[PDB]
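These notes are about the structure you will find just below.
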Amino acid sequence: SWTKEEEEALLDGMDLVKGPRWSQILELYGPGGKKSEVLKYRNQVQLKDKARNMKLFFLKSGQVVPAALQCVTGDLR
């Protein structure tokens, strides 16, 4: 079963690769996106800043946070 070294590696790797893959959202919805191009004018920083504001809106209003927004962590200001 799992060793302490393995558990520290998992937590460490998860930390290093955490946060949504913003470029993959733009593969679906950005310029030439596979589903549409509706997000094509948004760069990855704009996607991340909007996601933080959306999570903060759900929290502020006492609404359930959509599962994917729970991946957005840290300072939302």
Side-chain angles (χ1 to χ4, degrees):
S1 212
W2 280 72
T3 72
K4 283 70 57 212
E5 284 85 357
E6 283 182 301
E7 291 182 354
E8 298 176 353
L10 183 47
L11 292 170
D12 180 53
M14 288 188 67
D15 196 56
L16 297 177
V17 314
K18 83 183 155 196
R21 336 163 203 158
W22 305 112
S23 67
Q24 287 191 30
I25 291 153
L26 289 174
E27 288 166 18
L28 298 167
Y29 284 111
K34 292 172 164 311
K35 307 191 65 170
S36 81
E37 295 196 308
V38 66
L39 291 180
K40 76 182 187 181
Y41 297 100
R42 303 301 175 172
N43 60 39
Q44 296 176 34
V45 170
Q46 287 176 289
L47 292 196
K48 172 180 202 157
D49 285 347
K50 179 59 176 186
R52 284 172 9 211
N53 286 327
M54 289 195 302
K55 188 194 188 178
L56 175 58
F57 174 76
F58 289 118
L59 289 170
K60 198 181 185 188
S61 62
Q63 297 178 82
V64 179
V65 176
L69 279 176
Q70 299 178 25
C71 301
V72 170
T73 58
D75 205 323
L76 312 177
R77 287 174 291 192

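One is the number of the first residue; the rest follow in order along the sequence.
Within the 4.5 Å cutoff, the side chain of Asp49 has heavy atoms near those of the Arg52 side chain.
A pairwise comparison of heavy atoms in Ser61 and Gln63 identifies OG-NE2, 2.8 Å as the closest pair. Heavy atoms only, all atoms of each residue included: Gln46 and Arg42 are closest at OE1-CA, 3.3 Å.
Atom CG of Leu56 is separated from atom CZ of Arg77 by 10.5 Å, given to the nearest 0.5 angstrom. Between atom CD of residue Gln44 and atom CD of residue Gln24 there is a gap of 10.5 Å, rounded to the nearest 0.5 Å. Rounding to the nearest 0.5 Å places CD1 of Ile25 at 11.5 Å from NZ of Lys48. For the atom pair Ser23 OG and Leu28 CG, the distance stands at 10.0 Å (nearest 0.5 Å). Going from atom CG of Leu69 over to atom CZ of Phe57 covers 12.0 Å, rounded to the nearest 0.5 Å. We find the CG-NZ distance between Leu11 and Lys18 to be 11.5 Å, quoted to the nearest 0.5 Å.
Under the 3.5 Å distance criterion, the side-chain polar atoms of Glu7 are left unmatched by any main-chain donor or acceptor of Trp2. Panel note: side chain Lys55, backbone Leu76; no donor-acceptor pair is recorded below 3.5 Å.
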